[PDB]
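Take a look at the structure set out below.
A quick note on method: Cβ atoms are made from the backbone with ideal geometry, for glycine too, and the neighbour counts reach across all protein chains shown. Please treat every number below as a calculation from the coordinates, not as lab data.
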Amino acid sequence: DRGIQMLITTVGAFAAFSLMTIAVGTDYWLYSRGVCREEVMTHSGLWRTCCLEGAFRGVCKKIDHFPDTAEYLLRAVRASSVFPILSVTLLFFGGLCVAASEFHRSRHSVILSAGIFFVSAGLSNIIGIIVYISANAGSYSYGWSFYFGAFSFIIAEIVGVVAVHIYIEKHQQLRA
Amino acid sequence: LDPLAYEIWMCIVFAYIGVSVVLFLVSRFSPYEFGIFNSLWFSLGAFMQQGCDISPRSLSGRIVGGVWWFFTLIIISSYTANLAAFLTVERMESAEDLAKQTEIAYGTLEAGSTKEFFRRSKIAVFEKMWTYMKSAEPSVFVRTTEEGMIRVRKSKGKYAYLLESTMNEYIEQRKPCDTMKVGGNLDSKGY
Amino acid sequence: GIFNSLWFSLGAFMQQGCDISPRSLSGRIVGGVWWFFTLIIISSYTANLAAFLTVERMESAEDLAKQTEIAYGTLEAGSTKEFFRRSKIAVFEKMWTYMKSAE
Amino acid sequence: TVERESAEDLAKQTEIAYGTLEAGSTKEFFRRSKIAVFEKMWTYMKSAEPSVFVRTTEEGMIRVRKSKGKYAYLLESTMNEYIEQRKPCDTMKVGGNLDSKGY
Amino acid sequence: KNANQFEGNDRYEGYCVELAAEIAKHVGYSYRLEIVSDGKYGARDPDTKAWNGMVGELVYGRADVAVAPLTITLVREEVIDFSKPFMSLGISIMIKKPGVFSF
Amino acid sequence: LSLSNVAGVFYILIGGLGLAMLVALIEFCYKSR
């Protein structure tokens, strides 16, 4: 099933990169009771918050992250969203390693790096989730963008597991 | 599930998947059977503190098991501690009680002897009650006793109606008798 | 077998470990939910006992006075009733206002 | 669980310092009081260090706002209500009124 | 706000400003709003027996009326005259209404 | 209990997973030479 195993990896690699990169770009992470400029239902993403109903519907503003090292470092990380963006770059490199694996069969270690890239990408996304939730607290519900990011974590880990499985199968048949 | 917030439960599953994959990854391409399926079983057993038939043997594998054990120990103790706090606070009233709090709104009948009693009162508790009642919005007052009875019944225990003891006793006996007179009488008078 | 399944399940509920563990996907699902059932029930047993043993460990009822269903009365037409009626002390005035109106 | 209203709450604790305005009716009310709670409060306020008293209502308002909830200001209900309404309105009136009077 | 643009008795605003205007209209008199110099409401130092603030200004003759939030007190009623209260109030308490690794 | 209360134990767990992955790469290169 080597053909379908690589097909699962390349399809999953694109979906993991696609699902997470939409979460960063869109502005529907949290549905909170906020204000855009009176208080109005608003939908806030990682960078901009916009009203959901009323006269000022569609008027978005940049999220102001800043209003003592313990809490300064927490909001500094959340301000630039280092972890959610970092996992996007790791997912991007992992996809390149998977695609380049088929374009160069000389070294089998390239697909191993794709598994490590995707496994590391998932870990960076959990930190982005924990940092975002923790900084948000300092009535609400999470929108599709937040669930888009969480679904990108499951896909990235499963592709990472399968990518290592291909490398293990490739090396085991050579040695045995 | 209340002892832990819904976000904590989501991240526990996310951490569970991450630990299982990382333990499987560092156990396979290492010198010296932790497959993907076996890693999920061992990680599940560690979180429930039930133990398994295998333990990691490499230093890289043992670090993953070591931290995952620490995460499990803090979380399980947090669930037991918060549940105990949640149960013990639940285990742990009258006019003054009604005046001190603000979660329950209390009103009277409009153009009635009770409203006049509260308006012209000089007792600290009743003066405080009147100062609250005059400003309350929406109006805590009603146009009829039936209106006050329906308001207490449909406010789901968020509305306390101040009425005469005779009507109160009569109502508390009427079906569905989902109302209750609380405390004594604020004063004494007659028709 | 049937006997080892009873021994494994009892061990899992007592959090005392086991000599063997399931190796199939079907067996591990049964072990998984039974493990989760054990964790919630025992945590519930420990958390509720605490409360009982806490809520309990935790002129008083005559400080504010009774404060509580601990209704307190006097003899009718006695010096004590008259003492409470004509009192001007905060506690005693509170007690009298309660005693005269209580039914 | 220990991490789960009245005049006594202030008199009874000593972690929060509570003061009044200097040369004001409130200070004079507390000085010449004969009520047990108010006499206890006055004895504490007269011998408190640093001086709990303030020179102006604005001074007490900023003291409560910049004492991070370690200062309880005793002032007239009208000023208290007005302050609790105006922004940043991070102050709140607690309990009822200690007495009744007028301007 | 921006009082420099305004001059004379109309330099100020506030409840007691309009109340002084309405009282002046009803009584039929002209008046100059002088702020008390001490910045104190009023009290007599028990040692010197001297009244300071608005009550001192009224007793010594330097002022003819006080339209400030001046509380009606027994000690002041013995040295100055008060009208019926124009506002009710009481002494009140105000209050100035989880780190990482905390486990 | 909110996530802000036990956010610290999550950082240590992710930090440990990152360190464990780094150790394996160190061990792999040492054992592959």
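Which order results if B:188, D:67, D:77 are arranged by neighbouring Cβ count within 10 Å, fewest first? Write out the running numbers ahead of the final one.
Numbers: B:188 8, D:67 15, D:77 21.
Neighbour counts put them in this order, fewest first: B:188, D:67, D:77.
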Region E:19-91 and region B:161-191: distance between their alpha carbon centers, rounded to Å = 49 Å
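Please work out whether chain D counts as rounded, prolate or oblate from its C-alpha gyration tensor, where a ≥ b ≥ c are the square roots of the eigenvalues and a/c under 1.5 means rounded, while otherwise a/b larger than b/c means prolate and anything else oblate?
Numbers: a/c = 1.34, a/b = 1.10, b/c = 1.22.
Rounded, because the longest to shortest axis ratio a/c is under 1.5.
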Would you count, across chain E, every pair of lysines whose alpha carbons are under 29 angstrom apart, provided the pair is eight or more residues apart or spans two chains?
-> 11
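How do D:75, A:112 rank when sorted from fewest to most other Cβ atoms within 10 Å of their own Cβ?
Details: D:75 24, A:112 21.
Placing the least packed residue first, the sequence is A:112, D:75.
Rounded if a/c is under 1.5, else prolate if a/b is larger than b/c, else oblate: which is region A:2-175, with a ≥ b ≥ c the root eigenvalues of its Cα gyration tensor? Don't skip to the answer; put the middle values down first.
On the way: a/c = 3.40, a/b = 2.35, b/c = 1.45.
Note, shape of region A:2-175 comes out prolate.
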Centroid-to-centroid separation of region C:50-89 and region D:65-98 [C-alpha atoms, Å] = 35 Å
When DSSP beta bridges are limited to those with both residues in the protein assembly as shown, what percentage is antiparallel, rounded to the nearest 5?
-> 75 percent
Got a sec to turn the phi values of region A:127-134 into Karplus ³J(HN,Hα) couplings, 6.51 cos²θ - 1.76 cosθ + 1.60 with θ = phi - 60°, whole Hz, x for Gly and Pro?
-> 5, x, 5, 5, 5, 5, 5, 5
Between region A:1-61 and region A:77-114, what's the alpha-carbon centroid distance in Å?
-> 22 Å
Where a ≥ b ≥ c are root eigenvalues of the Cα gyration tensor, a/c under 1.5 meaning rounded, otherwise prolate if a/b exceeds b/c and oblate otherwise, chain B counts as prolate
Sparse-neighbourhood loop hits (trypsin sites (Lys or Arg not before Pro), region B:106-145; DSSP loop; Cβ within 10 Å at most 14 others) -> B:120, B:122, B:143
